[PDB]
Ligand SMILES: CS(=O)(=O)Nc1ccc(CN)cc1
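What follows is one chain in structure tokens, specifically the form solved without the ligand.
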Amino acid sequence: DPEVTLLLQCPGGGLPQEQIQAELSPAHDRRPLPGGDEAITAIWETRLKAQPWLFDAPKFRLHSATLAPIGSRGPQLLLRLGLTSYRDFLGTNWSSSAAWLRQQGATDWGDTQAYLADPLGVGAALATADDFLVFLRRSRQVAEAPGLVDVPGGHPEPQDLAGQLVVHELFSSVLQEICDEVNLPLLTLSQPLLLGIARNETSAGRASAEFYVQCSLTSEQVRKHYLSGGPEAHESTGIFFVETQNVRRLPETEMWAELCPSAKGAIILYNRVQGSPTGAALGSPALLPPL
């Protein structure tokens, strides 16, 4: 799977909000382009003169994420974050020249991402009360990953002593994205656990935080809530469900070739962090079938 790389695998089955610190700093921002940020401005102008209803929005930038020594007390993860924008994304990661920017960042800064917007995404492995994960089909008419399978998520817009408010907005945003797109009541959702961070090598290495969320409704009830919104209540064109039993071998199925990179990251991290039992009971052959 060359289109997805794991940047972080969380310990202990995944991390709750109270165990994560963020450092939001202009030291974590994109570096100005070698020939100047006028190249980004020019791409944006061209785009607005064809689609004048488009708007810019601020986004979080991932610089890096450092895990504490395993088994330790106190905060377990430090997220180093900057600020970027949808406009900066369109002029860097989305650019035809994105590979040239990665090579220049290696040369100039010893950092393939130094000249990339790298907006932070969020995604969920969302499990039902009857033990299915939730999948969504993308429109065949959108610019990114048309017609592919996705999981719930999005790219949060901003608004440890401003750090804890930033971690809160990240955890809040994955629940909000489930309520907005799947049309589930907020009171049917667990507090999220962070599973890890995955990079999309098809979009020049931009990263998504991947979470586990449990719903108290069954697959049939989740379907009813999604469909009862009508075609205008969701950006996706369909919902479907796979038994957690069968997620284990998804990379061996014909579905795998249809998953967008950030959804592949969510399923790999679900399989490594929530699946793959460590103890004698769940690791017994009748409960963990060989092969």
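For every residue, the number given is its place in the sequence shown, counted from 1.
The same protein also exists as the form deposited with the ligand bound; that form is not shown, yet it is the one meant from here on.
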Inset, instruction - Kindly confirm or deny that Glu177, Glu235 and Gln245 each have some heavy atom within 4.5 angstroms of the ligand in the deposited complex. - result: yes
Legend entry - One residue of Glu157, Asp130, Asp111, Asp160 in contact with the ligand, assessed in the deposited complex (non-hydrogen atom, 4.5 angstroms): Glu157
Legend entry - Stretch in contact in the deposited complex with the ligand, which is absent here, among 187-195, 147-155, 96-104, 213-221 (heavy atoms within 4.5 Å): 147-155
Inset, instruction - Answer yes if any heavy atom of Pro289 is within 4.5 Å of a heavy atom of the ligand in the deposited complex; otherwise answer no. - result: yes
Legend entry - Contact flag, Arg249 vs the ligand in the deposited complex, heavy atom cut 4.5 Å: yes
